[PDB]
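S.K.: Experimental structure below, sequence on top.
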Amino acid sequence: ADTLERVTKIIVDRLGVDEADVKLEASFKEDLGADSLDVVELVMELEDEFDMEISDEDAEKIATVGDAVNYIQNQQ
């Protein structure tokens with residue numbers, strides 16, 4: 001609930017560009033054209049929002065940025 005919307009504000013406001021590029025099924029690089037840095041970089045600020053241990057290996061090896069969102073619900 002607050003997690004998704006929270007991450008959505010972080011992802012969208014960041015990799016969303018015009019509020020739409022954000023996509024869980026997207027690899028955050030070839031789908032909505034995103035830089036691997038800003039991508040996992042946005043998931044790092046995300047780990048600080050809900051206090052998580054997402055490292056650069058998470059957002060990168062994670063099934064998808066969305067899984068990162070699912071990663072937060074797994075801690076709640």
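M.R.: Now that the structure is in, tell me what you want to look at. Numbers count the residues shown, from 1 in each chain.
S.K.: Check this protein for its longest helix and report it.
M.R.: Ranked by residue count and defined by DSSP state H, the top helix of the chain is helix 36-49.
S.K.: Can you give the distance of that one from its chain's centre?
M.R.: 6 Å (Cα atoms, centre = their mean, to the nearest Å).
S.K.: From the contact counts, what lies against the next helix or strand after it?
M.R.: Next along the chain after helix 36-49, taking DSSP states H and E as the criterion, comes helix 56-61. The contact analysis (3 or more Cβ pairs under 8 Å, 6 or more residues apart in numbering; DSSP states H and E) places helix 56-61 against helix 36-49, helix 65-75. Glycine gets a C-beta too; all of them are placed from N, C-alpha and C.
S.K.: For residue 12, see how far away residue 30 is.
M.R.: For residue 30, the distance to residue 12 equals 19 Å [Cβ to Cβ, to the nearest Å].
S.K.: Those two: which is more packed in?
M.R.: residue 12 (17 against 8; other Cβ atoms under 10 Å).
S.K.: Look at that one and tell me its secondary structure.
M.R.: Of the three states, residue 12 takes helix under DSSP: H, G, I helix; E, B strand; the rest coil.
S.K.: Quick check: closest non-adjacent residue to it.
M.R.: Of all residues not flanking residue 12 in the chain, residue 22 sits nearest, at 4.7 Å (Cβ to Cβ, 6 or more residues apart in numbering).
S.K.: Thought residue 11 was touching that neighbour, still the case?
M.R.: Yes. Here residue 22 lies in contact with residue 11, judged by Cβ atoms under 8 Å, at a distance of 4.5 Å.
S.K.: hey, what's in contact with both of those two?
M.R.: residue 65 (Cβ atoms under 8 Å, 6 or more residues apart in numbering).
S.K.: When the two are compared, which one has more neighbours?
M.R.: Taking neighbours as other Cβ under 10 Å, residue 22 and residue 11 compare with residue 11 leading, 27 against 24.
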